[PDB]
Structure formats: structure tokens, C-alpha cells
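Q: A structural model of the following input is requested.
(chains A, B, C, D and E, ligands or ions: 1)
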Amino acid sequence: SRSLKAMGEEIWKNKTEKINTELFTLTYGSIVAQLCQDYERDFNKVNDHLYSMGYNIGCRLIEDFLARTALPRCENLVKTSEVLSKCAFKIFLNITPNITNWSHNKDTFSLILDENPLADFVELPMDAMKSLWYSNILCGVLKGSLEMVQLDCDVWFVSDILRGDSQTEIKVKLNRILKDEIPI
Amino acid sequence: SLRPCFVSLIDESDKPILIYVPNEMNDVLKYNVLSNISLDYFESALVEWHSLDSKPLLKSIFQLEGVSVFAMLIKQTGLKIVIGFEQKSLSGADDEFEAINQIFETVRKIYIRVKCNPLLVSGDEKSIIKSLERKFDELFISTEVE
Amino acid sequence: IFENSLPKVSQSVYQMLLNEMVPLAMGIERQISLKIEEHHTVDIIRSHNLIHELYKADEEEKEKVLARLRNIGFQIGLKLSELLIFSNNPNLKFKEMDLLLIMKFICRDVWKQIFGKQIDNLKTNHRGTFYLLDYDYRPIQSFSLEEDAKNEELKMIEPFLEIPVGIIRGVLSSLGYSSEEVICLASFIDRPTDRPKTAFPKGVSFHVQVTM
Amino acid sequence: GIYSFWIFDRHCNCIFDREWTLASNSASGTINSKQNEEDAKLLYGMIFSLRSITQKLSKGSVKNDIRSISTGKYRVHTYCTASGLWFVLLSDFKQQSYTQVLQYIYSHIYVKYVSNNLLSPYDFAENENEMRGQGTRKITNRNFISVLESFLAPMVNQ
Amino acid sequence: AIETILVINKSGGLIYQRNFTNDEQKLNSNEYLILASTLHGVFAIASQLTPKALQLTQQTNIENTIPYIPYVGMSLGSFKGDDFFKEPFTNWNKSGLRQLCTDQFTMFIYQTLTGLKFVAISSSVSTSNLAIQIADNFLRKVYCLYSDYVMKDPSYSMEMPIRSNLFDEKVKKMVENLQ
Ligand SMILES: *C(=O)CCCCCCCCCCCCCCC
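A: Residues are numbered from 1 along each chain as shown, chains lettered A, B, ... in the order given. You can find the structure just below:
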């Protein structure tokens, strides 16, 4: 009924439970630091594992988002982007990414951020400039969650403040809205 | 509160499992001696036992080395429990006795529980003794700070 | 009122991220020894068969996974005093405060922050060691295998309980008592009667035994 | 009162089933009975076939969904979510608006105990041969059954 | 405001779907045929689904009767007087689908004894309990209009589309009085 911005502004202040953002950052940084320090210092096979982590988080977390908000099924990328960029992130991470870089005839979009709480004051060692993204759990969550609402897409970073870009950005390219299953 | 001075639990086969004391160095021997004497006090018709609703019955047995020894037996498990208290620290009130038998019931419950299977890698007797010592620290060496 | 004048993140996402790290530990161990993203595919076990495998794992396997998770928890607890919610606002310093007050801190404020509530009662002997209890223990209040499986539940769960022992065996370190000196083991224990019934079948305990 | 409770998922097979029959709270609660699997398929066929009508003859850009199906004897209340979970319930009359209850059943008794339940799995596909609509592995989450029965016992007034 | 009505002759198969909207005409004719067929399938499949609590004992043949409401229709042909019927009448589809509630509309059913089905789609969500009585009363009214103006007609084969004029221009006034 209400606009999706208000549906999210009126729930973040009313019915949630809250903690410290840089506490959450320290926890995530501890996890990814243990990933880096565990095995062979390799920055390629940590990316896929953080992607997998995010996949499990999102696949288990989508059920909560609908439960608290109760949106309908999303059909087109426009409404999907509006939803996940002005109510979902507002509920979870208290950030409001705005959309940019629509492609031809709306086959994809891109999220852009400058206040990512998954790593705020996390200027990192010089070694990480090639393979480690440090926020791969976010894109894992996006793909895993969106896989559960029947729309199939692949998500991946393009830019990040940490590796020395302007603002961080994620591409969300859709593949096919798979049909619902029939009993037969 | 009542502070037990030594606790001892024995099975049917007269096998000392645990003669734990709270915290002098050489008094552990004296508690061992008194526990064995209390074990001697049991197998006999010198004093009555049970025959009261088929329930266990706490009773004082003897006093030596300046510590009074209370004892208790379980008919349907073979469990033989005995605790000694500092003589000077016991006033002898009815409420005091009502606290002592409650202590006996509690320690019996803890031992019966710890004897159960779960969270035991192999049911090792060393681990069982260690756990029982830990819980007998819990019961009598607690303070409940705010 | 400075406590609430800082940004926040949802306790739901934080709790679930905190939860699925036993799956992280088992997964990283099995990677050490068909979903397409990058034209080479990535496989994964779906975060519950990993639990079931860790339950039916070998002894050395389980010990290694628990050590890894404990290392994670130690990293969580190391930087908790430099965290910018205790350094400035609350009026408890960190000069020395030998024992007692430090455990009051970790027991009262750290648990209120990391988990959703203040602790239940603790116990002390004043010599070296402290006992901590919690009857509900929020981050696992929704785990249950099956109706008449009231034995495998605790076995499957006890890997998760090795994180708060991590923070406890952490924050003592870097504030004055090191890992070799401090030993602490987390274990299960049933709740008292006069508490609501269907929170969890049992409470939980911690056995900090810093040597001094 | 309520006659029975059924949960379905996107893989078109019932997850949880519970019919009370007798008026008592602790009535013949044949929880996850194999006896009523035919009824489960039958009811899912009803709801799926009849959802298409309102899915077709919608207006605007709302893409609506059913709320209730009535008949001579009983009355059906359904909640359908973007996750594909259906929360069908068979009940009687003299309770006119009821969707609040199903939103409650989704809010903090399914996610609180079925999707915050790392021991238990998410929607029970298990790599083909069940996800098409014929196989069956059901939910048996002890907490879910216990708190669900406790919460729904007052609503079986008979 | 009943924005649409339609009918299903005896075994599925639409025969009349004059939709009383201002201007939508989104749904094509062939789609409504499949709609009616699946709706008849829902009636066929709904019978053997009742919960076991009531099947063994009904003890409820007092509520099946429908109360009468005086002037739901207007403000005639074979009938005369102010109104079609006054005596309180009885339900027939004792174990069939009756109502269908959604966010955007509400659909009511009246099943004739022989098998004719009358469907009424209204945008107005009538407290959803008395709405059944209102819908059944109005549906019997249009059913009487049908029995008058569709069957006392030579150029009308049985169970075929209703290509009438008096029927539609009369049910139009019938609905328009009901707002
Ligand atoms: C229409 O139904 C589409 C809904 C949009 C998908 C829901 C996205 C929720 C996940 C947001 C990210 C949460 C934080 C993850 C990192 C810990």
C-alpha cells in the first residue's frame, strides 16, 4: 500500500533488534581474516567460499524478509531493484543504495554504494588488489536470495572503495525467470 | 550455610571412586582414614536402617579427629554416601539437620546425573572423577556474586 | 544517551551470520581435504549436511574443526576492548582491574552487546576461577532435530557452543591473562524449574579457570 | 474452529499436515499421517487450479492472490508468499477475517523455528525425484510442532 | 457493485459473459472458456475433500436455508407482483464451492439443481457472511430471468450460447438497481 521507502523507514524504527555496526564489521573482518590466514594465503579460493557463505545466508534469510515485510512476488528488474535498493537494505544494513547503469531494454541494473557497513574502516594490506573483494558475501546473499523468488540472476562486483576506486558497485545480471513447477 | 569438610561415595564392591575434599596438605589422608572407618561402620546389624517407607535414611554414625561423620545408603542402587563436617561449625538445630539431608539429596542427584551416558566420549572413569570433582567445587565453593 | 547515537545493523542478519560458522569450519576443512558463477562452477554442501558430517566426523577431524572455530572466536574477542562502544562512553576504565571487575565487564556488557540480553547469575570462589551460566542463550534458541531424538540434539549442537568460549578465552588475553594461563570449557546444564519451559531443553555454562 | 492445517512449498508437495477431527484440543492429531496424502494432493490441486483464475483476471499492476475459498460446509483460508510457501487451513464459519493468524504463523513460528533451524534444512528438494511433486520428506521439527500445537489449541473451539 | 456475471450450462462451457465494467475489456473471449472449464473442474474436485469431523455426522440442516431480503433486485414477465419470491428458500450445493475472496474482487456462485452454474464477480469485498445471502438472492433472481427469457424462445438450442436481447438488457437494469 505505502511507498516502498516508507515501508522500511517505518519498520527499521519500530520492529527490529539492533547492534553496533562496527561490532558487526569486526565480526565479519575476523571471519574473512581467518579465511585469509588459514590456507596458503590464496586470494582466489577465498572468493568462492565467501560467495558460498553469502549464498547460504541469503537462501536462509529471504524467508525472514518476506515474513516481516510481506511483499508480492517480484516480476521485472525495475520493481526488483526498487525493492532491494529501498526497503531490503534499509531493513537489514540500514543503507539505501541508489540505482545507476541500466543497460539496454532493462536486462540488468547495478547497485552503487559509498557507505557499505560490511567494511567501513577496513583499509587493508597491500597484497589484496587482484582477487580478494572482501565483500563477496553481499553478492552471495543477493544471488542466493533472488534465486528463491523464482528469478535467476548472477551477481558480481565491478568496483570497490577498498581496492582504490571511486565508489563500490555490483552488477546483477538476470538470466531467466524460471517457471513454477507443476505436479504431474 | 553449611560447609562439608569431606565427601565420599562408594559402590557395592567397596571401591573408592572419589574421596574429594575442598581446597592443609596432609589432612586428605585423615579424611581417607575416616571414610574407610565409616565404610566399616555400615555392613552390620548394630544400628537400624531403612524400614521407613522404603526410603533412604540419613543418620549420624560417629565422630573422630574433630569432625562428625553423617552417612546414607541407597538400597536399590548399592550407593554408599558419607560426608564429614567440622564439629565446631555445626550448631545442631532442627533446621540445620533439614539443611544437611537436603545437601545429601542434592549430591546424590548430581552423582546419579553425572553417571548418565551423554556428553561422555567413552564414559572414562578418569573423566567421571574429574567431572564429579568439578561439580563438588560448584556446590560448596560458590558465592553468587551480583 | 550516547549509547544509541550510533548506526545499527539488524540483529537477525548478525545472529544468522554468527550461527552459520560451524558450517564455515566444516566446509573449509573439507575443501582443504554444481552452481555456475565464473565459467568454472562452484560446488557446496547446503549447510546442514555439513552439520551432520561434523556430527559423524572422526575424533581428530572434530578436534581440528573446533580448534579452527575457537581461533575465530579468539579473533572476535581480541579487539573487543578497542571497540568504539566501551572505550569512551561507559565509565569503567581498563588500567588493571585485576579479576572480578574484568569478569563483571565480560559478563554484563559484552554479553548484552554480542547476544541479545544480559546474562543470568554467575558464581565465584575468589581464588582463580569463575562460573558463568545462561538459561536461554539466544544465538541458539531455535535448534531442534526431531521429536523422539532427545539424545543426538546436544551432540549435533555442541560444536556451536565453542564460539563464546572463544570470546572469553580471547578478551582476557590482550587485557592481561594469556591463552596458556587461562583454560575454560563450555558445557550444558538444565535450567531451574521456575523459568518458562520451551526455551531450550537445557541451559549452558562456562568454566573460566584463569590461573593468576 | 479449525478443522485442519496444511503447508505446501514451491516444489508442490505438502510439508506439514495436521487435522484435529474431534473437538478436543489434544484430539486425534494425526501429525504427518500417510493416511491423508491423497487429501493433500487433492487440496493442492484445488488451490493451484483455482489460483489461476484470479491470477488471470487481475487489474492494474498489483498481481493479486486469493484470500479465502468457501463452500457449503467448510471454509479455506490461504496465505501465499513470494517464497512459494502456501499456508492453507480448513476451518468453519463465524470467523470472517483471519489472514492475521496466517501472517503470525509465518512471522515467528516458521522462520523462528524452520528457517532459523540450521539442523533442519530449508525447502525439502533433495536433488530431483521429489521436487517435481511426488516424493515426500516432511518437516518434523520438534519445536515447530510443539509451539504450533500450543498456539493453535485455543483456535479449535468446538 | 457486481461488475460481471456469467453462466455455465451443464458440463462446463461458457454461454454468456456480458461484463458490466465501464471500459476494461482486457480478457479475451477464449480465455473465459478455459476459466469456466477449470471452474467446473474445481466443483468436480471439491466434493471429496471435506474434513472427517463433519462427514460422519452433519446435524446442520437448519442453516442451509437462505433468508429472504425484500427488494434486493429493483427499486415483469411470467412472474408478477413487486418481487420474484418471498418464501425463504433452500440451498442446493450443500457441498460445493460458494465464494472466492481475493484482494481485488469477490466471486459468488449459485448452482441450479440440474447443474446450471451462475457466477457473479463483484469488486466490493456486504460483510462477507451476509454477502452470501445477498449474492444467492440476486443470483436466483437472474436465474428466474433466464428461465423466463432464454427458454421461452424457439431460436435457442439447449446448452448453447445465449444470443438473446431481452435477457441482457433486463439483467443490465437488474444489476444497475443493485449498487
Ligand atoms: C521481490 O520479492 C524481490 C526481493 C528482493 C530480494 C531480498 C534481498 C534480501 C537480502 C539483502 C542483503 C542482506 C545483508 C546480507 C549480508 C550479511
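
Q: For chain B, just list every one of the helices.
A: Taking DSSP state H as the criterion, chain B contains helices spanning B:27-42, B:94-114, B:125-140.

Q: Quick check: residues of chain A near the ligand?
A: Residues of chain A lying close to the ligand (C-beta under 6 Å from any ligand atom) are A:57-58, A:61-62, A:65, A:71, A:73-74, A:80, A:83-84, A:88-89, A:92-93, A:137-138, A:141, A:145-146, A:149. (C-beta placed from N, C-alpha, C; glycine too.)

Q: whoops, I mixed them up, chain C
A: Contact residues (C-beta under 6 Å from any ligand atom) of chain C with the ligand: C:13, C:17.

Q: Name the residues of chain C found near chain D, please.
A: Contact residues (C-beta under 8 Å from any C-beta of the partner chain) of chain C with chain D: C:16, C:19-20, C:22-23, C:46-48, C:51, C:142-147, C:149, C:153, C:156-157, C:198.

Q: Show me where chain E has its strands.
A: For chain E, the strands defined by DSSP state E occupy E:2-8, E:14-16, E:65-66, E:89-90, E:97-102, E:106-111, E:117-122.

Q: Tell me if the fifth one is near chain A.
A: Spelled out, it's strand E:97-102. No: judged by C-beta under 8 Å from any C-beta, strand E:97-102 stays clear of chain A, getting no closer than 12.8 Å.

Q: what separates that strand from the chain centre, distance-wise?
A: 12 Å (C-alpha atoms, centre = their mean, to the nearest Å).

Q: How about the second one?
A: Taking the mean of its C-alpha atoms, strand E:14-16 sits 12 Å from the chain's own mean (C-alpha atoms, centre = their mean).

Q: packing partners for it?
A: strand E:2-8, helix E:29-46 (3 or more C-beta pairs under 8 Å, 6 or more residues apart in numbering or on different chains; DSSP states H and E).

Q: ok, and what's touching that strand?
A: Here strand E:14-16 makes contact (C-beta atoms under 8 Å, 6 or more residues apart in numbering or on different chains) with E:6-9, E:32-33, E:35-36, E:159-162, E:167-168.

Q: Tabulate those residues in TSV, adding columns for distance to chain D and neighbour count.
A: Formatted as TSV, those follow (distance: C-beta to the nearest C-beta, whole Å; neighbours: other C-beta atoms under 10 Å in any protein chain shown):
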residue	distance to chain D	neighbour count
E:6	11	20
E:7	16	25
E:8	13	24
E:9	18	20
E:32	9	18
E:33	12	14
E:35	6	20
E:36	10	22
E:159	22	12
E:160	24	10
E:161	20	14
E:162	21	18
E:167	23	19
E:168	20	13
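
Q: and which of the residues you listed is nearest residue B:54?
A: residue E:35 (77.4 Å; C-beta to C-beta).

Q: Can you give me the neighbour number for the spatially closest residue to the closest one that is not a sequence neighbour?
A: The shortest distance from residue E:35 to any non-neighbouring residue, by C-beta to C-beta, 6 or more residues apart in numbering or on different chains, is to residue D:53 (5.7 Å). Burial of residue D:53 is recorded as 20 neighbouring residues (other C-beta atoms under 10 Å in any protein chain shown).

Q: Hmm, residue D:53 is touching residue E:39, no?
A: Yes: at 6.7 Å, residue D:53 counts as touching residue E:39 under the criterion of C-beta atoms under 8 Å.

Q: give the contact list for the residue of chain A found nearest chain E.
A: Nearest residue of chain A to chain E (C-beta to the nearest C-beta) works out as residue A:72 at 9.6 Å. By C-beta under 8 Å, 6+ apart, the residues touching residue A:72 are D:62-63, D:65, D:82.

Q: can you check residue D:62 too?
A: A:72, E:103-104.

Q: re the thing from before, which of the residues of chain A next to the ligand are close to chain C?
A: A:57, A:61, A:92-93.

Q: in chain B, what residue is nearest chain A?
A: For chain B, C-beta to the nearest C-beta, closest residue to chain A: residue B:146, 25.5 Å.

Q: Can you give me the neighbour number for that residue?
A: The burial count for residue B:146: 6, using other C-beta under 10 Å.

Q: So it versus chain E, what's the distance?
A: Per C-beta to the nearest C-beta, to the nearest Å, residue B:146 is found 55 Å from chain E.

Q: Pull the number of nearby residues for the nearest residue to residue E:46 once chain neighbours are set aside.
A: Nearest non-adjacent residue to residue E:46, counting by C-beta to C-beta, 6+ apart: residue E:97, 5.2 Å away. By the other C-beta under 10 Å criterion, the neighbourhood of residue E:97 contains 23 residues.

Q: For residue E:97, list the residues it contacts.
A: By C-beta under 8 Å, 6+ apart, the neighbours of residue E:97 are D:69-71, E:42-43, E:46, E:109.

Q: What residues are bridge-paired with it?
A: residue D:71 (DSSP bridges).

Q: Then the one 4 residues further on?
A: Per DSSP bridges, residues listed as beta-bridge partners of residue E:101: residue D:68, residue E:106.
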